[PDB]
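K.L.:
mmCIF, C-alpha atoms, saved as structure-v1.cif, coming up:
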```
data_coords
#
loop_
_atom_site.label_atom_id
_atom_site.label_comp_id
_atom_site.auth_asym_id
_atom_site.auth_seq_id
_atom_site.Cartn_x
_atom_site.Cartn_y
_atom_site.Cartn_z
CA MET A 1 -104.74 -47.04 -21.12
CA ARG A 2 -103.59 -44.84 -18.26
CA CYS A 3 -106.16 -42.18 -19.11
CA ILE A 4 -108.92 -44.71 -19.71
CA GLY A 5 -108.37 -46.09 -16.23
CA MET A 6 -108.71 -42.68 -14.66
CA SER A 7 -111.99 -41.56 -13.12
CA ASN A 8 -111.26 -37.89 -13.80
CA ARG A 9 -111.13 -37.68 -17.57
CA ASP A 10 -112.26 -34.75 -19.76
CA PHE A 11 -113.10 -35.05 -23.46
CA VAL A 12 -112.30 -31.92 -25.43
CA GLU A 13 -112.75 -31.14 -29.12
CA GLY A 14 -112.17 -28.06 -31.26
CA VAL A 15 -115.27 -26.42 -32.75
CA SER A 16 -113.11 -24.94 -35.51
CA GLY A 17 -110.17 -25.97 -37.70
CA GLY A 18 -106.60 -24.88 -37.07
CA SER A 19 -108.01 -23.09 -34.05
CA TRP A 20 -106.78 -23.26 -30.46
CA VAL A 21 -108.48 -25.64 -28.04
CA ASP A 22 -108.49 -24.95 -24.31
CA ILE A 23 -108.00 -27.62 -21.67
CA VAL A 24 -107.53 -27.65 -17.91
CA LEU A 25 -104.82 -29.88 -16.42
CA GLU A 26 -104.96 -31.19 -12.85
CA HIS A 27 -102.91 -33.73 -10.85
CA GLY A 28 -104.61 -37.11 -10.95
CA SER A 29 -106.73 -36.30 -13.99
CA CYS A 30 -106.26 -36.47 -17.73
CA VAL A 31 -107.71 -34.82 -20.78
CA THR A 32 -108.40 -36.52 -24.10
CA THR A 33 -108.51 -34.32 -27.19
CA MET A 34 -110.02 -35.18 -30.53
CA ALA A 35 -110.32 -33.56 -33.94
CA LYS A 36 -111.37 -34.51 -37.46
CA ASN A 37 -108.52 -36.35 -39.23
CA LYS A 38 -106.19 -35.84 -36.28
CA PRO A 39 -105.02 -38.40 -33.76
CA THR A 40 -106.62 -38.43 -30.36
CA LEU A 41 -104.21 -37.36 -27.62
CA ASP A 42 -104.03 -37.78 -23.84
CA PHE A 43 -102.68 -35.05 -21.57
CA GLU A 44 -101.62 -35.38 -17.94
CA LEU A 45 -99.86 -33.04 -15.53
CA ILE A 46 -97.67 -35.41 -13.49
CA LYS A 47 -95.17 -33.19 -11.68
CA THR A 48 -94.99 -29.67 -10.26
CA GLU A 49 -91.74 -28.75 -8.54
CA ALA A 50 -89.73 -25.70 -7.57
CA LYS A 51 -86.12 -25.84 -8.75
CA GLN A 52 -83.43 -24.14 -6.67
CA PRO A 53 -85.68 -21.61 -4.86
CA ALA A 54 -84.02 -18.73 -3.02
CA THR A 55 -82.78 -19.63 0.48
CA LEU A 56 -84.04 -17.06 2.98
CA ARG A 57 -82.43 -18.02 6.27
CA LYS A 58 -80.48 -20.91 7.78
CA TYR A 59 -81.37 -21.74 11.38
CA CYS A 60 -79.04 -23.69 13.62
CA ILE A 61 -80.98 -26.23 15.74
CA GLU A 62 -78.11 -28.03 17.45
CA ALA A 63 -74.64 -26.86 18.41
CA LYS A 64 -71.53 -27.55 20.41
CA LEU A 65 -69.15 -25.29 22.34
CA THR A 66 -65.37 -25.44 22.53
CA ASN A 67 -62.49 -23.31 23.85
CA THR A 68 -64.42 -21.46 26.51
CA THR A 69 -62.28 -18.58 27.80
CA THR A 70 -62.72 -16.16 30.67
CA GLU A 71 -61.17 -12.79 31.49
CA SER A 72 -61.98 -10.43 34.35
CA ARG A 73 -60.75 -7.18 35.93
CA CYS A 74 -60.78 -5.72 39.43
CA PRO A 75 -63.21 -3.06 40.61
CA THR A 76 -62.08 0.30 39.17
CA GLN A 77 -60.19 -0.95 36.13
CA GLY A 78 -62.82 -0.86 33.39
CA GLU A 79 -64.32 -3.55 31.15
CA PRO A 80 -62.05 -6.51 30.30
CA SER A 81 -61.82 -7.82 26.77
CA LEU A 82 -60.81 -10.82 24.72
CA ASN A 83 -59.72 -10.59 21.09
CA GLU A 84 -61.87 -13.61 20.21
CA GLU A 85 -64.69 -11.22 21.05
CA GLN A 86 -63.99 -10.01 17.50
CA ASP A 87 -64.10 -13.51 15.99
CA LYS A 88 -67.61 -14.08 14.61
CA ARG A 89 -67.46 -17.80 15.46
CA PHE A 90 -67.65 -17.09 19.22
CA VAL A 91 -70.53 -16.32 21.54
CA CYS A 92 -69.61 -13.95 24.35
CA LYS A 93 -71.22 -12.19 27.29
CA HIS A 94 -70.18 -9.32 29.52
CA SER A 95 -71.07 -9.35 33.21
CA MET A 96 -70.04 -8.09 36.64
CA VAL A 97 -68.86 -10.32 39.48
CA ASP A 98 -67.74 -9.71 43.06
CA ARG A 99 -63.97 -9.41 43.47
CA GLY A 100 -61.62 -8.79 46.39
CA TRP A 101 -58.49 -9.80 48.31
CA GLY A 102 -59.43 -13.45 48.02
CA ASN A 103 -58.99 -13.40 44.26
CA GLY A 104 -56.24 -10.95 43.48
CA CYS A 105 -57.84 -7.52 43.83
CA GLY A 106 -56.91 -4.61 46.05
CA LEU A 107 -60.51 -3.46 46.55
CA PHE A 108 -63.68 -5.36 47.32
CA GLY A 109 -66.42 -4.57 44.83
CA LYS A 110 -67.88 -5.53 41.47
CA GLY A 111 -65.47 -6.21 38.64
CA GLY A 112 -65.89 -6.68 34.92
CA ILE A 113 -65.79 -10.20 33.52
CA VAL A 114 -66.16 -11.55 29.99
CA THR A 115 -66.49 -15.11 28.67
CA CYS A 116 -66.39 -16.49 25.14
CA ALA A 117 -66.84 -19.94 23.65
CA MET A 118 -66.47 -21.05 20.06
CA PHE A 119 -69.91 -21.89 18.67
CA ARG A 120 -70.08 -24.84 16.25
CA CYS A 121 -73.42 -25.66 14.61
CA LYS A 122 -73.95 -29.41 14.18
CA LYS A 123 -77.42 -29.52 12.63
CA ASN A 124 -79.40 -26.76 10.94
CA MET A 125 -82.58 -26.25 8.97
CA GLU A 126 -83.30 -23.81 6.15
CA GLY A 127 -86.41 -22.05 4.94
CA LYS A 128 -86.79 -21.28 1.26
CA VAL A 129 -88.93 -18.91 -0.75
CA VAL A 130 -90.73 -20.40 -3.75
CA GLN A 131 -91.36 -17.97 -6.63
CA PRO A 132 -94.45 -18.66 -8.80
CA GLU A 133 -92.10 -18.36 -11.76
CA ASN A 134 -89.24 -20.85 -11.89
CA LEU A 135 -91.84 -23.46 -10.94
CA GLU A 136 -91.59 -26.35 -13.37
CA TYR A 137 -94.59 -28.39 -14.54
CA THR A 138 -94.13 -31.79 -16.20
CA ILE A 139 -96.76 -32.78 -18.75
CA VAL A 140 -97.05 -36.06 -20.61
CA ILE A 141 -98.69 -36.10 -24.02
CA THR A 142 -99.62 -39.66 -24.99
CA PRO A 143 -100.98 -40.69 -28.42
CA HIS A 144 -104.32 -42.53 -27.98
CA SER A 145 -103.53 -45.40 -30.33
CA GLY A 146 -104.18 -48.52 -28.30
CA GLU A 147 -100.81 -50.03 -29.31
CA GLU A 148 -99.29 -52.49 -26.83
CA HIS A 149 -96.50 -52.84 -24.30
CA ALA A 150 -96.94 -54.72 -20.85
CA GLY A 156 -90.68 -48.07 -25.48
CA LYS A 157 -93.96 -46.31 -26.20
CA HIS A 158 -93.91 -43.48 -23.67
CA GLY A 159 -95.86 -40.32 -24.36
CA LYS A 160 -93.71 -37.27 -24.97
CA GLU A 161 -92.70 -35.67 -21.70
CA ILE A 162 -92.23 -31.89 -21.67
CA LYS A 163 -91.24 -29.50 -18.88
CA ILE A 164 -92.30 -25.89 -18.91
CA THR A 165 -92.16 -22.74 -16.78
CA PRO A 166 -94.60 -19.84 -16.58
CA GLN A 167 -91.74 -17.95 -18.23
CA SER A 168 -90.98 -20.38 -21.06
CA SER A 169 -92.39 -19.72 -24.53
CA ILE A 170 -94.93 -21.71 -26.53
CA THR A 171 -93.89 -25.34 -26.74
CA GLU A 172 -93.68 -27.41 -29.91
CA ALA A 173 -93.74 -31.06 -28.86
CA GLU A 174 -92.86 -33.79 -31.29
CA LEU A 175 -94.84 -37.02 -31.22
CA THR A 176 -92.92 -39.72 -33.08
CA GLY A 177 -95.04 -40.65 -36.05
CA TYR A 178 -97.72 -37.96 -35.86
CA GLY A 179 -95.92 -34.64 -36.13
CA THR A 180 -95.84 -31.96 -33.44
CA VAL A 181 -98.41 -30.42 -31.16
CA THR A 182 -98.09 -26.83 -30.05
CA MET A 183 -99.23 -25.66 -26.64
CA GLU A 184 -98.85 -22.89 -24.07
CA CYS A 185 -99.75 -22.95 -20.40
CA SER A 186 -100.48 -20.61 -17.52
CA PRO A 187 -100.17 -21.49 -13.81
CA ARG A 188 -103.66 -20.05 -13.53
CA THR A 189 -104.47 -19.95 -9.81
CA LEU A 191 -101.08 -21.48 -5.29
CA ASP A 192 -99.61 -18.85 -2.94
CA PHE A 193 -95.97 -17.95 -2.18
CA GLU A 195 -96.08 -14.48 1.80
CA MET A 196 -95.16 -18.00 2.88
CA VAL A 197 -91.99 -20.03 3.39
CA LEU A 198 -90.89 -23.63 3.00
CA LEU A 199 -89.04 -25.09 5.98
CA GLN A 200 -86.60 -27.95 5.42
CA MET A 201 -85.61 -30.17 8.35
CA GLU A 202 -83.35 -32.82 6.86
CA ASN A 203 -85.13 -33.89 3.66
CA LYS A 204 -88.58 -33.35 5.18
CA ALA A 205 -90.30 -30.03 4.46
CA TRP A 206 -93.29 -27.93 5.55
CA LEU A 207 -95.03 -24.79 4.31
CA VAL A 208 -94.98 -22.13 7.02
CA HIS A 209 -96.07 -18.50 7.26
CA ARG A 210 -93.43 -15.79 7.15
CA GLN A 211 -92.78 -13.55 10.18
CA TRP A 212 -93.08 -16.77 12.16
CA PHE A 213 -90.08 -18.28 10.45
CA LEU A 214 -88.32 -14.92 10.82
CA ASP A 215 -89.22 -14.75 14.52
CA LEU A 216 -87.88 -18.18 15.46
CA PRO A 217 -85.55 -17.84 18.48
CA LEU A 218 -82.60 -19.73 17.04
CA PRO A 219 -79.17 -18.82 15.70
CA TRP A 220 -79.32 -18.01 11.97
CA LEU A 221 -77.40 -16.85 8.93
CA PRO A 222 -78.50 -14.79 5.92
CA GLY A 223 -79.52 -17.09 3.07
CA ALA A 224 -76.62 -16.23 0.75
CA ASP A 225 -73.99 -17.69 3.09
CA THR A 226 -71.53 -20.55 2.68
CA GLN A 227 -69.20 -20.05 5.63
CA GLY A 228 -71.78 -21.46 8.01
CA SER A 229 -69.78 -20.04 10.91
CA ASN A 230 -70.82 -16.44 11.68
CA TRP A 231 -74.17 -17.24 13.31
CA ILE A 232 -76.49 -14.48 14.50
CA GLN A 233 -78.00 -14.54 18.01
CA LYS A 234 -76.12 -17.60 19.24
CA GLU A 235 -77.22 -16.77 22.79
CA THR A 236 -80.51 -18.42 21.85
CA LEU A 237 -78.78 -21.83 22.20
CA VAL A 238 -76.32 -20.75 24.86
CA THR A 239 -76.63 -20.17 28.56
CA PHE A 240 -74.08 -18.37 30.67
CA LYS A 241 -74.14 -19.51 34.31
CA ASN A 242 -73.58 -16.98 37.09
CA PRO A 243 -69.92 -15.97 36.92
CA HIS A 244 -67.18 -16.43 39.50
CA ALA A 245 -64.23 -14.16 40.22
CA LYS A 246 -62.07 -15.66 37.44
CA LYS A 247 -64.13 -18.29 35.60
CA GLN A 248 -67.62 -18.78 34.28
CA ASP A 249 -69.33 -21.82 32.83
CA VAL A 250 -71.19 -21.81 29.55
CA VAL A 251 -73.55 -24.59 28.44
CA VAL A 252 -75.44 -25.06 25.22
CA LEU A 253 -79.07 -26.17 24.99
CA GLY A 254 -79.74 -29.59 23.55
CA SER A 255 -80.94 -30.27 20.00
CA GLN A 256 -84.15 -28.50 19.03
CA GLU A 257 -85.08 -30.83 16.18
CA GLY A 258 -87.67 -32.35 18.51
CA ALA A 259 -89.00 -29.07 19.86
CA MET A 260 -89.34 -28.10 16.21
CA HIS A 261 -91.05 -31.27 14.94
CA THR A 262 -93.76 -31.37 17.59
CA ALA A 263 -94.09 -27.62 16.92
CA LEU A 264 -94.80 -27.93 13.19
CA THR A 265 -97.65 -30.40 13.65
CA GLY A 266 -100.61 -28.76 11.93
CA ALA A 267 -98.86 -26.89 9.11
CA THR A 268 -99.26 -28.41 5.63
CA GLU A 269 -96.48 -30.92 5.03
CA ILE A 270 -94.72 -30.66 1.66
CA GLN A 271 -93.34 -33.66 -0.19
CA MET A 272 -89.94 -33.45 -1.87
CA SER A 273 -87.09 -35.34 -3.49
CA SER A 274 -83.61 -34.69 -4.88
CA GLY A 275 -83.66 -31.52 -2.80
CA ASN A 276 -86.56 -30.16 -4.83
CA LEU A 277 -89.96 -29.34 -3.34
CA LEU A 278 -93.08 -30.80 -4.96
CA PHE A 279 -96.56 -29.36 -5.15
CA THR A 280 -99.87 -30.25 -6.71
CA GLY A 281 -100.13 -27.65 -9.47
CA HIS A 282 -103.03 -26.39 -11.59
CA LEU A 283 -102.65 -25.48 -15.26
CA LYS A 284 -104.71 -23.92 -18.04
CA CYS A 285 -103.34 -24.54 -21.52
CA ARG A 286 -104.22 -23.96 -25.15
CA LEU A 287 -103.06 -26.26 -27.91
CA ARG A 288 -103.07 -26.32 -31.70
CA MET A 289 -103.07 -29.48 -33.83
CA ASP A 290 -102.47 -28.05 -37.31
CA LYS A 291 -99.09 -29.82 -37.35
CA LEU A 292 -100.41 -33.23 -36.27
CA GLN A 293 -101.51 -35.92 -38.67
CA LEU A 294 -102.62 -39.54 -38.54
CA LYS A 295 -99.86 -42.14 -38.33
CA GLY A 296 -100.45 -44.75 -40.99
CA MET A 297 -102.61 -43.07 -43.61
CA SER A 298 -102.09 -44.65 -47.03
CA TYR A 299 -102.02 -48.30 -46.04
CA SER A 300 -104.27 -51.13 -47.10
CA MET A 301 -107.65 -51.95 -45.51
CA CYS A 302 -106.94 -55.21 -43.63
CA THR A 303 -108.57 -57.97 -45.59
CA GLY A 304 -108.58 -60.82 -43.07
CA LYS A 305 -109.52 -62.05 -39.55
CA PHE A 306 -109.57 -61.03 -35.92
CA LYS A 307 -110.22 -62.98 -32.76
CA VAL A 308 -111.36 -60.87 -29.83
CA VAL A 309 -108.41 -61.50 -27.49
CA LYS A 310 -110.63 -61.43 -24.40
CA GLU A 311 -113.78 -60.04 -22.75
CA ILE A 312 -114.85 -56.68 -24.17
CA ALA A 313 -114.44 -54.08 -21.44
CA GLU A 314 -116.62 -51.18 -20.31
CA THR A 315 -114.83 -48.04 -19.19
CA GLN A 316 -115.94 -45.43 -16.68
CA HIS A 317 -116.68 -43.12 -19.61
CA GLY A 318 -119.47 -44.59 -21.70
CA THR A 319 -116.92 -46.26 -23.92
CA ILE A 320 -115.59 -49.73 -24.64
CA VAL A 321 -112.15 -51.24 -25.18
CA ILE A 322 -112.05 -54.10 -27.71
CA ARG A 323 -108.86 -56.18 -27.94
CA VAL A 324 -108.36 -57.84 -31.34
CA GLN A 325 -105.50 -59.46 -33.21
CA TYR A 326 -105.15 -60.30 -36.88
CA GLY A 328 -104.90 -62.91 -39.81
CA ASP A 329 -104.62 -62.34 -43.64
CA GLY A 330 -102.50 -59.26 -44.17
CA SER A 331 -99.98 -56.47 -44.02
CA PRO A 332 -99.50 -54.36 -40.88
CA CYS A 333 -102.86 -52.75 -41.79
CA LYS A 334 -105.76 -50.40 -41.13
CA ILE A 335 -108.69 -52.15 -39.53
CA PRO A 336 -112.21 -51.75 -40.60
CA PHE A 337 -114.10 -50.59 -37.54
CA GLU A 338 -117.64 -49.39 -37.68
CA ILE A 339 -120.51 -49.22 -35.21
CA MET A 340 -123.93 -49.38 -36.83
CA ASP A 341 -127.53 -50.04 -35.86
CA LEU A 342 -129.10 -53.50 -35.59
CA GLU A 343 -129.98 -53.25 -39.26
CA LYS A 344 -126.49 -52.23 -40.35
CA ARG A 345 -128.06 -49.29 -42.24
CA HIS A 346 -126.55 -46.17 -40.67
CA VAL A 347 -123.35 -45.43 -38.75
CA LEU A 348 -123.70 -44.76 -35.03
CA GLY A 349 -121.22 -43.96 -32.26
CA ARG A 350 -117.57 -43.11 -32.93
CA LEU A 351 -113.98 -44.13 -32.33
CA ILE A 352 -111.76 -42.58 -29.64
CA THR A 353 -108.91 -44.67 -31.06
CA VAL A 354 -108.60 -43.33 -34.57
CA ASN A 355 -107.18 -45.02 -37.68
CA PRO A 356 -106.73 -48.17 -35.59
CA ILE A 357 -104.03 -50.33 -37.12
CA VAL A 358 -102.20 -53.63 -36.71
CA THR A 359 -98.40 -53.62 -36.41
CA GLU A 360 -97.81 -57.35 -35.98
CA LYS A 361 -99.39 -60.74 -36.50
CA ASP A 362 -100.53 -61.74 -33.01
CA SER A 363 -100.24 -58.28 -31.44
CA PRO A 364 -103.34 -57.45 -29.35
CA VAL A 365 -104.55 -54.13 -30.71
CA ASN A 366 -106.72 -52.49 -28.07
CA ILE A 367 -109.39 -50.17 -29.46
CA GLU A 368 -111.48 -47.70 -27.46
CA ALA A 369 -114.79 -46.76 -28.99
CA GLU A 370 -117.99 -45.02 -28.02
CA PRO A 371 -121.13 -47.07 -28.83
CA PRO A 372 -124.42 -45.17 -29.09
CA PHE A 373 -126.89 -45.64 -26.26
CA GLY A 374 -128.97 -48.78 -26.59
CA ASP A 375 -128.32 -51.43 -29.25
CA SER A 376 -125.59 -51.46 -31.88
CA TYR A 377 -123.46 -53.80 -34.00
CA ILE A 378 -119.70 -53.62 -33.65
CA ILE A 379 -118.44 -54.53 -37.12
CA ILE A 380 -114.73 -55.38 -37.06
CA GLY A 381 -113.11 -56.56 -40.28
CA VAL A 382 -114.13 -57.62 -43.77
CA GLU A 383 -116.00 -60.23 -45.87
CA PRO A 384 -114.74 -63.67 -44.86
CA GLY A 385 -115.89 -63.05 -41.30
CA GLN A 386 -116.89 -59.38 -40.78
CA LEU A 387 -117.20 -59.59 -36.95
CA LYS A 388 -120.74 -58.67 -35.89
CA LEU A 389 -120.63 -58.15 -32.11
CA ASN A 390 -123.90 -57.08 -30.47
CA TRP A 391 -123.67 -54.38 -27.83
CA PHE A 392 -126.06 -52.72 -25.42
CA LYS A 393 -125.09 -49.50 -23.68
CA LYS A 394 -127.06 -48.74 -20.51
#
```
As structure tokens, please, write out the structure in this file.
P.N.:
Amino acid sequence: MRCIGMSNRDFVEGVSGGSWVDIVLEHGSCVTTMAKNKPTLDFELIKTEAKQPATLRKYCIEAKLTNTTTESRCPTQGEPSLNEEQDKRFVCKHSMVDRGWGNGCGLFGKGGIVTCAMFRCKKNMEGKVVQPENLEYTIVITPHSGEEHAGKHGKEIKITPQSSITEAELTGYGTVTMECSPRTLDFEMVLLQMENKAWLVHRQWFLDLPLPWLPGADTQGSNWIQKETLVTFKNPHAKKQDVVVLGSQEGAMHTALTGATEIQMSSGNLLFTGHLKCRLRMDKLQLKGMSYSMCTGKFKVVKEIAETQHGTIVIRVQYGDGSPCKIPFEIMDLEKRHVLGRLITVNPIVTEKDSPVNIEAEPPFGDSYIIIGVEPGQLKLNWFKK
């Protein structure tokens, strides 16, 4: 039903036997395939996500400062130093400040001063690089049977442009074999993540951001590069100097990303709307239910016959005199002389007594008789397709 209710639906059929059939899969669309003596199948590409893409750079957007320490020397005695100036967790600056008798020096003149503060990142963002490969497309292959629910999921399969040809098993019908190509999606770009919300941004812009950062392959999260971007050193004094950190930049960032394509995501994974080209073979598929009896009984059209968006109809029917059986469906002319139209639901069958068995069929254009059932009450339903 899902595919019948979709506006974007392609009907594909193989012009050969045992041959490959090509189909194009898109998000929000579905493809229905058919073949002589083979079940009709529905294909849909539902998910396209990058799994664990390489982290390029972590940017700190909010930090705190602690243990600020100052050291300074008198004019003439060289550049002062602090050992924490060797500790990668600190931000430091070297400057010159006036000195003299008033603050412990013999000479009046400029002296060397140095100040360091431990830098602690409190909130960061990270940009990742999505490789075309390692992208994972989810495709659902549903048997077009018409059976009911309200336990019958189509087979779900996940593939990668690097995975080999897939052999999907469809309970009851065999297996279907298919291969796909991510046939034209770009990735010199980058995906920025600001706390579970992501964006697609151009490179060299991400790399130019004036914020403290760390090479992607880090785990310490301490040795930030260019911390001065979030730190300001006030003018020094003879023996002390103040250091203040800018406020969070989450906001400056947000109202800075407006415009760039926003990217959905979940469970840490990024999601995209992919495009696939696939080829499938049905030589290993077969009809579920062949070798049954031809229902010899009655059906009551459950409700109003429905018209789909694809020149087809969906007739609900429920047995009646018999085994879980094949159904006699047949669309003929007003005279019941020749067969017209065709079934999209193939080898339609009943599993239970009082089990609405939906059936999608394609009536020819104009007038036709929809003959459901056999000789007690073969169900002649008139139909006009405009």
K.L.:
Report as JSON lines the residues of segment 30-78 of chain A within 7 Å of segment 93-112 of chain A, each with its shortest atom pair and distance in Å (one decimal), using all atoms listed in the file, ordered by chain and increasing residue number.
P.N.:
```
{"residue": "A:72", "atom": "CA", "partner": "A:112", "partner_atom": "CA", "distance": 5.4}
{"residue": "A:73", "atom": "CA", "partner": "A:112", "partner_atom": "CA", "distance": 5.3}
{"residue": "A:74", "atom": "CA", "partner": "A:111", "partner_atom": "CA", "distance": 4.8}
{"residue": "A:75", "atom": "CA", "partner": "A:111", "partner_atom": "CA", "distance": 4.3}
{"residue": "A:78", "atom": "CA", "partner": "A:112", "partner_atom": "CA", "distance": 6.8}
```
K.L.:
So how far away is atom CA of residue 268 of chain A from atom CA of residue 228 of chain A, in Å?
P.N.:
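According to the coordinates, atom CA of residue 228 of chain A and atom CA of residue 268 of chain A are separated by 28.4 Å.
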K.L.:
May I ask for the distance between atom CA of residue 375 of chain A and atom CA of residue 344 of chain A, given in Å to one decimal place?
P.N.:
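Answer for the atom CA of residue 375 of chain A to atom CA of residue 344 of chain A separation: 11.3 Å.
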K.L.:
So, with all atoms listed in the file as the atoms that count, which of A:145, A:200, A:265, A:115 lies closest to residue 3 of chain A?
P.N.:
A:145
K.L.:
Can you give me, as a ChimeraX atom specification, the residues this file yields under the PyMOL selection byres ((chain A and resi 232-240) around 7)?
P.N.:
/A:91,217-221,230-231,241-242,249-253
K.L.:
Applied to the shown file, which residues does the PyMOL selection byres ((chain A and resi 118) around 8) return, written as a ChimeraX atom specification?
P.N.:
/A:65-68,89-91,116-117,119-120
K.L.:
Could you write out the selected residues, including C-alpha atoms, as an mmCIF file, keeping the file's coordinate frame?
P.N.:
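The new file result.cif reads:
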```cif
data_model
loop_
_atom_site.group_PDB
_atom_site.id
_atom_site.type_symbol
_atom_site.label_atom_id
_atom_site.label_comp_id
_atom_site.auth_asym_id
_atom_site.auth_seq_id
_atom_site.Cartn_x
_atom_site.Cartn_y
_atom_site.Cartn_z
ATOM 1 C CA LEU A 65 -69.150 -25.290 22.340
ATOM 2 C CA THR A 66 -65.370 -25.440 22.530
ATOM 3 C CA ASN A 67 -62.490 -23.310 23.850
ATOM 4 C CA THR A 68 -64.420 -21.460 26.510
ATOM 5 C CA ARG A 89 -67.460 -17.800 15.460
ATOM 6 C CA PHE A 90 -67.650 -17.090 19.220
ATOM 7 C CA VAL A 91 -70.530 -16.320 21.540
ATOM 8 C CA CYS A 116 -66.390 -16.490 25.140
ATOM 9 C CA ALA A 117 -66.840 -19.940 23.650
ATOM 10 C CA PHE A 119 -69.910 -21.890 18.670
ATOM 11 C CA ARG A 120 -70.080 -24.840 16.250
#
```
K.L.:
So how many Å separate atom CA of residue 185 of chain A and atom CA of residue 208 of chain A, to one decimal?
P.N.:
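Atom CA of residue 208 of chain A lies 27.8 Å from atom CA of residue 185 of chain A.
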K.L.:
With distances taken over all atoms listed in the file, which residue among A:291, A:64, A:393, A:188 lies nearest residue 318 of chain A?
P.N.:
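For residue 318 of chain A, the nearest of the given residues is A:393.
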K.L.:
Smallest atom-to-atom distance to residue 129 of chain A: which of A:184, A:192, A:362, A:269, using only C-alpha atoms?
P.N.:
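Result for the nearest residue to residue 129 of chain A: A:192.
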K.L.:
Would you compute the box with edges along x, y and z of the file around segment 54-72 of chain A, including every atom the file lists for it and 6 Å extra on each side, and give its centre and edge lengths in Å to one decimal, as lines of an AutoDock Vina configuration file?
P.N.:
```
center_x = -72.6
center_y = -19.2
center_z = 15.7
size_x = 34.9
size_y = 29.6
size_z = 49.4
```
K.L.:
Any idea what's packed within 7 Å of residue 12 of chain A, counting only C-alpha atoms, ignoring anything in its chain fewer than 3 positions away? Could you give it as an MDAnalysis selection string?
P.N.:
chainID A and resid 32:34
K.L.:
Rank A:394, A:2, A:282, A:246 by their smallest atom-to-atom distance to residue 26 of chain A, using all atoms listed in the file, and report the top residue only.
P.N.:
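Using all atoms listed in the file, residue 26 of chain A sits closest to A:282.
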K.L.:
Step by step, work through what the PyMOL selection byres ((chain A and resi 326-342) around 8) selects in the shown file, and finish by giving those residues as a count of residues only.
P.N.:
38
K.L.:
Extract, using only C-alpha atoms, all DNA, RNA and protein residues at most 12 Å from residue 174 of chain A, discarding same-chain residues fewer than 2 positions from it, and format them as a ChimeraX atom specification.
P.N.:
/A:140-143,159-162,171-172,176-183,289,291-293
K.L.:
Using all atoms listed in the file, determine which residues lie at most 7 Å from segment 122-128 of chain A, disregarding the query and same-chain residues fewer than 5 positions distant; provide the list as a ChimeraX atom specification.
P.N.:
/A:53-64,197-202
K.L.:
Report as a list in words all protein, DNA and RNA residues lying within 7 Å of residue 166 of chain A, evaluated on all atoms listed in the file, omitting residues in the same chain fewer than 3 positions from it.
P.N.:
residues 133, 186 and 187 of chain A
K.L.:
Contacts of residue 165 of chain A at 7 Å or less, counting all atoms listed in the file, minus same-chain residues fewer than 3 places along, as a CSV table (one decimal) with C-alpha atoms, in the frame of the given file?
P.N.:
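Output file result-v1.csv is given in full below:
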```csv
chain,number,residue,atom,x,y,z
A,133,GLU,CA,-92.1,-18.4,-11.8
A,134,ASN,CA,-89.2,-20.8,-11.9
A,135,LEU,CA,-91.8,-23.5,-10.9
A,136,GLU,CA,-91.6,-26.4,-13.4
A,137,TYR,CA,-94.6,-28.4,-14.5
A,168,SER,CA,-91.0,-20.4,-21.1
```
K.L.:
So, counting all atoms listed in the file, which residue among A:263, A:173, A:287, A:245 is closest to residue 216 of chain A?
P.N.:
A:263
K.L.:
Add whatever atoms are absent from segment 354-363 of chain A to reach N, CA and C atoms, and provide the output as a PDB file, keeping the file's coordinate frame.
P.N.:
```pdb
ATOM      1  N   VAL A 354    -108.278 -43.697 -33.206  1.00  0.00           N
ATOM      2  CA  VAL A 354    -108.600 -43.330 -34.570  1.00  0.00           C
ATOM      3  C   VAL A 354    -107.587 -43.987 -35.482  1.00  0.00           C
ATOM      4  N   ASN A 355    -108.012 -44.318 -36.701  1.00  0.00           N
ATOM      5  CA  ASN A 355    -107.180 -45.020 -37.680  1.00  0.00           C
ATOM      6  C   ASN A 355    -106.471 -46.162 -36.977  1.00  0.00           C
ATOM      7  N   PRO A 356    -107.253 -47.017 -36.307  1.00  0.00           N
ATOM      8  CA  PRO A 356    -106.730 -48.170 -35.590  1.00  0.00           C
ATOM      9  C   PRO A 356    -105.995 -49.040 -36.592  1.00  0.00           C
ATOM     10  N   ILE A 357    -104.828 -49.535 -36.205  1.00  0.00           N
ATOM     11  CA  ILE A 357    -104.030 -50.330 -37.120  1.00  0.00           C
ATOM     12  C   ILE A 357    -103.301 -51.475 -36.433  1.00  0.00           C
ATOM     13  N   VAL A 358    -102.929 -52.481 -37.218  1.00  0.00           N
ATOM     14  CA  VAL A 358    -102.200 -53.630 -36.710  1.00  0.00           C
ATOM     15  C   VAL A 358    -100.726 -53.545 -37.112  1.00  0.00           C
ATOM     16  N   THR A 359     -99.835 -53.690 -36.138  1.00  0.00           N
ATOM     17  CA  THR A 359     -98.400 -53.620 -36.410  1.00  0.00           C
ATOM     18  C   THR A 359     -97.798 -55.006 -36.606  1.00  0.00           C
ATOM     19  N   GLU A 360     -98.326 -55.991 -35.883  1.00  0.00           N
ATOM     20  CA  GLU A 360     -97.810 -57.350 -35.980  1.00  0.00           C
ATOM     21  C   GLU A 360     -98.880 -58.429 -35.989  1.00  0.00           C
ATOM     22  N   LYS A 361     -98.500 -59.602 -36.478  1.00  0.00           N
ATOM     23  CA  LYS A 361     -99.390 -60.740 -36.500  1.00  0.00           C
ATOM     24  C   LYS A 361     -99.333 -61.187 -35.041  1.00  0.00           C
ATOM     25  N   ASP A 362    -100.492 -61.357 -34.415  1.00  0.00           N
ATOM     26  CA  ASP A 362    -100.530 -61.740 -33.010  1.00  0.00           C
ATOM     27  C   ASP A 362     -99.948 -60.613 -32.152  1.00  0.00           C
ATOM     28  N   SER A 363    -100.623 -59.467 -32.194  1.00  0.00           N
ATOM     29  CA  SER A 363    -100.240 -58.280 -31.440  1.00  0.00           C
ATOM     30  C   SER A 363    -101.562 -57.630 -31.018  1.00  0.00           C
TER      31      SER A 363
END
```
